[PDB]
Amino acid sequence: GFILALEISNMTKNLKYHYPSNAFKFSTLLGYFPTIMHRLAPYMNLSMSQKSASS
Amino acid sequence: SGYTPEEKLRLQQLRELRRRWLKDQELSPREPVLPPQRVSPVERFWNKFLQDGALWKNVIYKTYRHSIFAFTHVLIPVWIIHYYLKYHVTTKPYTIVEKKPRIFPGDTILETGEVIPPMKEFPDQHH
Amino acid sequence: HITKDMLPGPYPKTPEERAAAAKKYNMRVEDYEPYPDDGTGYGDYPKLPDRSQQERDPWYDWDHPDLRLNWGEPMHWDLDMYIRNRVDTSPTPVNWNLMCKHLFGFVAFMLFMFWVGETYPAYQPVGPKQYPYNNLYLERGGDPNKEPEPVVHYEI
Amino acid sequence: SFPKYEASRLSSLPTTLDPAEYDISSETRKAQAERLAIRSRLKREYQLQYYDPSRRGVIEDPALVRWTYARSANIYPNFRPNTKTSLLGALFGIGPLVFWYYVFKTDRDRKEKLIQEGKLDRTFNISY
Amino acid sequence: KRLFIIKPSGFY
Amino acid sequence: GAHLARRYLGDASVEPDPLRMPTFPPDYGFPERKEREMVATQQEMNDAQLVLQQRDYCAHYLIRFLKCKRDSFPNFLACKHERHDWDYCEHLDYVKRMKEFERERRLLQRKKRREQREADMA
Amino acid sequence: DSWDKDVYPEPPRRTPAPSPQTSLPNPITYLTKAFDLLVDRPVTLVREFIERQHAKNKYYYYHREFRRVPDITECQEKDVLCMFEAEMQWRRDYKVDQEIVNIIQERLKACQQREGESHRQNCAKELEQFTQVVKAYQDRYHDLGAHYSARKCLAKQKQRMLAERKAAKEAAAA
Amino acid sequence: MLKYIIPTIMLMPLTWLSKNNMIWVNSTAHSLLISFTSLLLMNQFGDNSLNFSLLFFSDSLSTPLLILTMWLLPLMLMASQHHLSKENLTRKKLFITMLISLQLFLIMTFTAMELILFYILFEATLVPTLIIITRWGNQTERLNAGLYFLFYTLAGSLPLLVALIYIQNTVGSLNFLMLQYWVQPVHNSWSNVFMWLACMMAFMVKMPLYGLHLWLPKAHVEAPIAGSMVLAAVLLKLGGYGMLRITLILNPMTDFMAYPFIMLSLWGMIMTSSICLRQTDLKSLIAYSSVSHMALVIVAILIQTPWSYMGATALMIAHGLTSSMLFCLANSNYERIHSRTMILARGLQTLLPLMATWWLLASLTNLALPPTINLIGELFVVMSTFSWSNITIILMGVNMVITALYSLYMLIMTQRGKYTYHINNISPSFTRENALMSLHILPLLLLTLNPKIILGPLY
Amino acid sequence: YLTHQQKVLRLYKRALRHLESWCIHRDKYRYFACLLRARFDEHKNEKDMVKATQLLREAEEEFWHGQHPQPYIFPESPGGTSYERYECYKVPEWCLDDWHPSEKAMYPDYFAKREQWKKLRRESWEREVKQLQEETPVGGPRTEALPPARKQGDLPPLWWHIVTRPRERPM
Ligand SMILES: CCCCCCCCCCCCCCCCCC(=O)OC[C@H](COP(=O)(O)OCCN)OC(=O)CCCCCCCCCCCCCCCCC
Ligand SMILES: C[C@H](CCC(=O)O)[C@H]1CC[C@H]2[C@@H]3[C@H](O)C[C@@H]4C[C@H](O)CC[C@]4(C)[C@H]3C[C@H](O)[C@]12C
Ligand SMILES: *C(=O)CCCCCCCCCCCCC
Ligand SMILES: [Zn+2]
């Protein structure tokens, strides 16, 4: 891991452009589990409460 | 894109008021006006006693405050706890249960003097 | 001291009513969109975009900074669900569909592999370990009266 | 050539990628003029009372009153029993009650049968 | 520099 | 491991099954086979309070090590010799398990050749 | 002395004698001496003074004793005066039986801690007695409901007795 | 019970015959002396109840409710002072007379030995309660709230009157001690199905049961603070106390007749807990919170296990103090901003540091943080319902999650964020307001030390 | 409403900030920062309102495809891990009017020096109101910008809360 990380770490200095990868964004955004479950579950529960349970 | 002719005036007019407001927020040397307060005779002693560095005599205050702490936060509680456990908790059945001590072959029991026979001879090997 | 004409009312039927309704809620008469008149009780309350308060400009000078609101602005029917502590609808760097496919695929793949790795366990080349006195029959709570089935292990 | 952004109800369309932010006509430009005209009038009334040094209390906000009033009191007078409201009322009002009745009635009928037979382990079950 | 810190009344 | 490939990517009837071993009689092939002896009696282990997974043939070394540790306190670096003795004694117990495993593997293959020989002629 | 040793039995203690194999000073012994001096000694003096005051003013409290009265089986139908005394006695015995299950449970829990890693064998006596009393408690006072009473307990018993009577007869039929 | 009935009645002469400016001081002081003497009711025996006379008795179920009732009266007088400070002197004394007469009926209701006497006093609490809501309520909707509060209770009570009189003719007595010995099982017939409903629907509507609760958001919101405290703390417990008595004479029919009401309660509490996540009115959110906690009590009473009856008694007393405290906290804000909207005043922790401490403790006990008696009662019911059916743990657990969500949502909207800029009259909390919250929470947290006095007759 | 120049400038600022996050290393960012500037300098003179618009729309679509998933944020900027942090220490000025007299007595100079602002605020209020109601069109204001003071001794209209707003590190 050190060798693979250290050499991969050393490649940040090179003047090479980046290629946005799905694997990179997948790790950056925590697998989307927050961005989905923290927008979907609150929306469904808080929409049933007003439309169905209350009104 | 920059400020219109009037905008530069308003910000300057406010920026002068704003910087004057922040100056009023400073406290005068006398403030805060603390009402008269009395300390204990013990407190007065250390106020002037400790002024001199005197590393040899400075540790005394360190041991003094730690000596008091151990007495009021360790010795008193353990007195209350030990008195509580010995004469109120341990006088009730099964309140304190100890895992019985392990007896090894070759030990001597302090209750009867019994000696548990040692284990048989091993097929000794040096490895 | 709000009067009956300054409060929400029934669905606007005539074109004139929508003008009065839009003026009541501080909106342009061409920008006022009442909810569908399907009988769910919305009346003439304006329908605003389903955008979370987190999207609104964070640098603009709001009357209510934390709610991103202006005194007199018509509040969304679901304002309390779109507060900054709740559902957020801001644009995301990755499309919503691609997010669900990737996350579901990852979870789906991992679960299958654990099942694959369950029927094919990795162990070491050793037989069952041996314990004395009939596989510890007495130690493991065996009945003292009923003599156990003898179990014998041999040197090897 | 890039994948055109796809917007769901929880992922709003970015303003930059929105075609409505570039094609600016005279109406669109004028439309924002009136929006900021009303938004300016309200911002004026608030500041007259907000900054007034002789005011102590709460600035009543009719927008806030209308919001709460529609959410509570103006719902029933605007309710019509129709196909949508009737079907949703039964599905969300009576469906869950019937569902849970058979989940629990079936479970207790099953358990009660075992206990009578003696097939349910209740060796140390003395707290209920 | 000592600055006056505005707090709600703590007397009550 | 490596022997997994011979059971998963290969025939399973030619490999031992740790959930079924031993699959052959213990005395088969061993005339008057010897039996392992336990130096420590049941009472000694019971009074020593050893975990059931330690109540094994390798006991009577753990007891001696535990007795030393109680005696060398606070010298916790001592009793190292007794640790190695118990580590070694357990090691011998582990190898014997491998011997039982290799013995099982060979016997299974022996049954394979014997069955094929009489099967092919038939 | 404080509590009866027959109700709450404790096996005789056995403490191994120290057999040190090191020249270093065992700190626990030194702390033990300090604790017995700076903690145990001052506490005992205070307790001794308190104890003497108690002996000066000595008085007694008595354990209430209830004489048995006719139980529900001997009460006539719809006779509240007899049923009242029978039911109160049943409720009292219900409380006593609840505490008996606690005494047995306390012995079972005490055995598990005292025996350490050998509990599963040395505590088979406690477990068997615990299993017996619990089953006796379950047969009498379980499934009665929040509105339990002597009448409900009696009816459950008669149901159990009838099944036992029929079960023996049905088996003996073969 | 004459040692508490007569002193309570003497609070009426004390109020009318006292100086004009001393009506609050004298009534508060003497109503606290009455509460002090109610602790003599804890002379409870393990086998027999404390039977005073032919009319009144007090077992371990009535005693905790009696102490709660007599403890609330002084708290109700502290709360009402602000909004009655500018009212005609005679009408201030009529208001106080209503509260005293309401305590008089309650303590006689919780101690009546005869169910028809229980019904009369159970039904007599309506008149003083309705008058408080409609006369001293603040909004126009108070008039519509009284009618809903009136005809919901009576629609269920009048059938109960027929059933009670029917039982007396068949059994020969409605005395509770007699019913404990002369009770006969209820045969499964269509006739007894409607006896069971008559005996229960009166008590269900007061709990209230989900479905029959529409009167509670109206009556608990349009009433003054003093009315809202008694309504949610005690008057909801007349339904619970009634069922804990009348289910003695309803076995074994309760085994199957409880299914529709358990489903309405188990599912109802999820529904009402979810409503609290979207309520725009702070007082209304607290009202809907009562329906969820009282749904556990209905389930607790209908399964009839010793662990369920111990949980129900603890839940009622625990919710009695918590619900009353929450209404008082919401009322302290209302006396400054004069609006019940939750999202109008925010960040109040910045302006009222100590009142936010009460908010925290009120919310923590509301979401049943152990070892509070709120958790003890809820925990006991969960264990009892698990034995009834293991699947109920799903519904019970889901409600705990939703319960903690709206409890902290209420604490975060009003006590956190940024203060509302245009609200400039948030004066420091008065000693009266701070003492009002202490008298709720402090006894609530003390009962954790000795909780056996609120665990009912089956302890 | 935003002009084409305003939108173009914003895209240039965001791209560098995201590009800065991509590169991390300064020298690498410096290399790519200039190349990004070069791509912008080659369309500055474009006077075609249609071809220029197409560039911006295509420019934005390229930014979205390459935007950093986790761009750097300044701690006190919206999204950075200090935004609104000290809002819990910002008390409104009017709270001091509720202080007990024995508590105002601790700061006699501050409160003596505070009555002046209250005295100043009341006196200026009438002029500030009059100035606004005479410069406001018949139909009401068309924007939120406010005029300054047009005399000497007159403070700008609506200055009280802007001037007196809580500090940024009050406690
Ligand atoms: C907020 C909106 C409203 C939400 C409504 C509530 C959610 C509705 C979900 C849909 C309904 C699902 C329930 C289906 C009926 C139950 C069937 C079942 O699977 O029960 C499992 C288990 C069986 O137990 P038993 O009672 O003995 O029944 C055996 C029958 N052969 O039953 C049990 O023993 C109890 C087991 C409880 C498990 C823990 C609770 C589940 C939730 C845990 C958190 C989420 C993690 C899920 C993964 C862990 C699952 C245990
Ligand atoms: C011992 C510790 C550090 C002293 C030092 O070495 O500098 C000092 C710092 C603050 C002191 C404590 C606090 O001052 C509060 C208490 C005040 C009195 O000193 C009695 C005990 C008391 C609880 C103190 C015990 C101890 O002396 C403390 C804890
Ligand atoms: C087997 O029982 C464990 C599964 C294999 C894990 C270790 C994998 C690494 C060994 C293979 C590489 C050999 C050359 C170093
Ligand atoms: Zn007020």
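As a convention, Cβ positions derive from the backbone with ideal geometry for all residues, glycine included, and neighbour counts pool all protein chains shown. Each reported figure results from applying straightforward, stated rules to the coordinates on display, with no laboratory input.
Assuming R0 = 35 Å, what is the FRET efficiency of G:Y61 and B:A70, from their Cβ-Cβ distance, to the nearest 0.05?
Step by step, r from the Cβ atoms, then E = 0.25.
About its Cα centre, how strong a charge dipole does the protein assembly as shown have in debye, to the nearest 20, once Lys and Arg get +1 and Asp and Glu get -1 at the Cβ?
3160 debye
Only Cα pairs under 8 Å and at least 6 apart count here; give the relative contact order of chain H as a rounded whole percent.
16 percent
Tell me, what ³J(HN,Hα) does each residue in the stretch H:375-392 have, in order and in whole Hz, if you take phi through Karplus 6.51 cos²θ - 1.76 cosθ + 1.60 with θ = phi - 60° and put x for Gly and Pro?
6, 4, x, 5, 5, 4, 5, 5, 4, 5, 6, 4, 5, 4, 6, 5, 6, 4
Of H:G156, F:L52, B:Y84, whose Cα points farthest to the positive end of the dipole of the protein assembly as shown (charges on the beta-carbon: +1 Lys, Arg; -1 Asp, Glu; origin at the Cα centre)?
About the Cα centre, the residue reaching furthest to the positive side is B:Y84.
If a/c stays under 1.5 just call it rounded; otherwise compare a/b with b/c (prolate if a/b is bigger, oblate if not). Do that for the stretch H:303-417, with a ≥ b ≥ c from the square roots of the Cα gyration tensor eigenvalues.
Prolate.
Cross-link partners among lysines for F:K96, C-alpha distance below 18 Å, same-chain residues fewer than 8 apart left out?
Once the sequence-local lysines are set aside, what remains near F:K96 is C:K129, F:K34.
Using the eigenvalues of the Cα gyration tensor, what equivalent ellipsoid semi-axes result for the stretch H:35-95 when each is taken as the square root of five times the eigenvalue, whole Å, largest first?
Computed over the stretch H:35-95, the values are 35, 12, 7 Å.
Counting pairs of alpha carbon atoms under 8 Å apart in space and at least six apart in sequence, what relative contact order in percent does chain I give?
Details: 78 pairs, mean separation 35.1, N = 171.
In percent, rounded to a whole number, it is 21.
Would you be so kind as to identify which of I:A149, I:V50, I:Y29 lies farthest towards the positive end of the dipole of chain I, taking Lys and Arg as +1 and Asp and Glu as -1 on Cβ and the Cα centre as origin?
I:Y29
Could you tell me which residue out of H:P217, H:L436, H:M400 lies farthest along the dipole of chain H toward its positive end? Charges go on the beta carbon: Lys and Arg +1, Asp and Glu -1, centred on the Cα centre.
H:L436
Residue by residue through F:69-79, how many Cβ atoms from other chains fall within 10 Å of the Cβ on average?
4
How much net charge surrounds H:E222 when only other residues with a Cβ under 15 Å from its Cβ are counted (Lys, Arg +1; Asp, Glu -1)?
With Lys, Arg at +1 and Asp, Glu at -1, the net is +3.
Output wanted: per-residue J couplings in Hz (rounded whole) for the stretch G:128-142, from phi through Karplus 6.51 cos²θ - 1.76 cosθ + 1.60, θ = phi - 60°, x for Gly and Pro.
Working through the residues one at a time gives 5, 5, 5, 5, 5, 5, 4, 5, 5, 5, 4, 5, 8, 10, 9 Hz.
To the nearest 20 debye, what is the magnitude of the charge dipole of chain C about its Cα centre, counting +1 on the Cβ of each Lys and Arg and -1 on the Cβ of each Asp and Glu? Walk me through the numbers before you get to the answer.
Details: 16 positive and 25 negative charges, 26 e Å.
Dipole about the Cα centre, nearest 20: 120 debye.
Between F:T23 and C:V152, what is the label-point separation in nm under the 7 Å Cα-to-beta-carbon projection?
Distance between label points: 2.4 nm.
Between the stretch H:57-111 and the stretch I:103-121, how many Å separate their Cα centres?
47 Å
List the relative contact order of the stretch G:36-174 as a percent without decimals, with contacts defined as Cα pairs under 8 Å and 6+ residues apart. Show your work: numbers first, answer last.
Details: 64 pairs, mean separation 25.7, N = 139.
This gives 19 percent for the stretch G:36-174.
Can you give the helix-only mean residue ellipticity at 222 nm for chain I, where every DSSP H stretch with n ≥ 4 adds -39500 (n - 2.57) and the sum goes over all residues, rounded to the nearest 500 deg cm²/dmol? Present the calculation step by step, with values, prior to reporting the outcome.
Values: 6 runs with 91 residues, N = 171.
That comes out to -17500 deg cm²/dmol.
Roughly how many whole Å is it from the C-alpha centroid of the stretch H:151-181 to that of the stretch H:263-311?
If we compute the Cα centre of each part, the gap is 27 Å.
Summing -39500 (n - 2.57) over the DSSP H runs of n ≥ 4 in chain H and dividing by its residue number, what mean residue ellipticity at 222 nm do you reach, to the nearest 500 deg cm²/dmol? Provide the component values of the computation, followed by the final result.
Details: 20 runs with 316 residues, N = 459.
So the helix-based figure for chain H works out to -23000 deg cm²/dmol.
So which of D:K113/G:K158; I:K119/I:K151; H:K86/H:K418; B:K86/G:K109 end up more than 27 Å apart by C-alpha?
Correct reply: H:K86/H:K418.
Could you name the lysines in cross-link range of B:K62, using Cα to Cα under 30 Å and dropping any fewer than eight places away on the same chain?
Within the straight-line limit of under 30 Å, B:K62 reaches these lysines: B:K48, G:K33.
Quantify how strongly other chains surround peptide I:58-64 by giving the mean number of their Cβ atoms within 10 Å of each of its Cβ atoms. Provide the component values of the computation, followed by the final result.
Numbers: counts 1, 1, 7, 8, 1, 3, 8.
What the average comes to for I:58-64 is 4.
I want to make sure I understand the PRE zone here: with the label point 7 angstrom from the Cα of G:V7 toward its beta carbon, which residues in the stretch G:56-100 have backbone N atoms less than 11 Å away?
G:99-100
Determine which residues of the stretch G:56-84 fall in the zone a paramagnetic label at G:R160 would reach in this model, i.e. backbone nitrogen under 17 Å from the point 7 Å along Cα→Cβ.
Residues G:72-73 fall inside that zone.
Pull out a ≥ b ≥ c, the square roots of the eigenvalues of the alpha-carbon gyration tensor of the stretch G:35-145, then state rounded if a/c is under 1.5, prolate if not and a/b is larger than b/c, and oblate in the remaining case.
The shape class here is oblate.
About the Cα centre, and with charges only on the beta carbon of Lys, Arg (+1) and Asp, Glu (-1), how big is the dipole of the stretch D:35-128? Nearest 20 debye, please.
460 debye
What does the average come to when, for each residue of peptide C:13-19, you count the partner chain Cβ atoms lying within 10 Å of its Cβ? Write down the numbers at each step before the final one.
Working: counts 0, 0, 0, 0, 0, 0, 0.
Averaged over the peptide's residues, the number is 0.
With just the Cα atoms defining each centre, how far is the stretch F:63-81 from the stretch B:27-89? Give it in Å.
44 Å
Roughly what would the spin-label model give for B:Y61 and I:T143, points 7 Å off Cα along C-beta, in nm?
The two pseudo-label positions are separated by 6.4 nm.
Compute the distance in nm between two label points, each set 7 Å from the Cα along the Cα-to-Cβ direction, one at F:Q43 and one at A:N22.
Roughly 7.2 nm, to one decimal.
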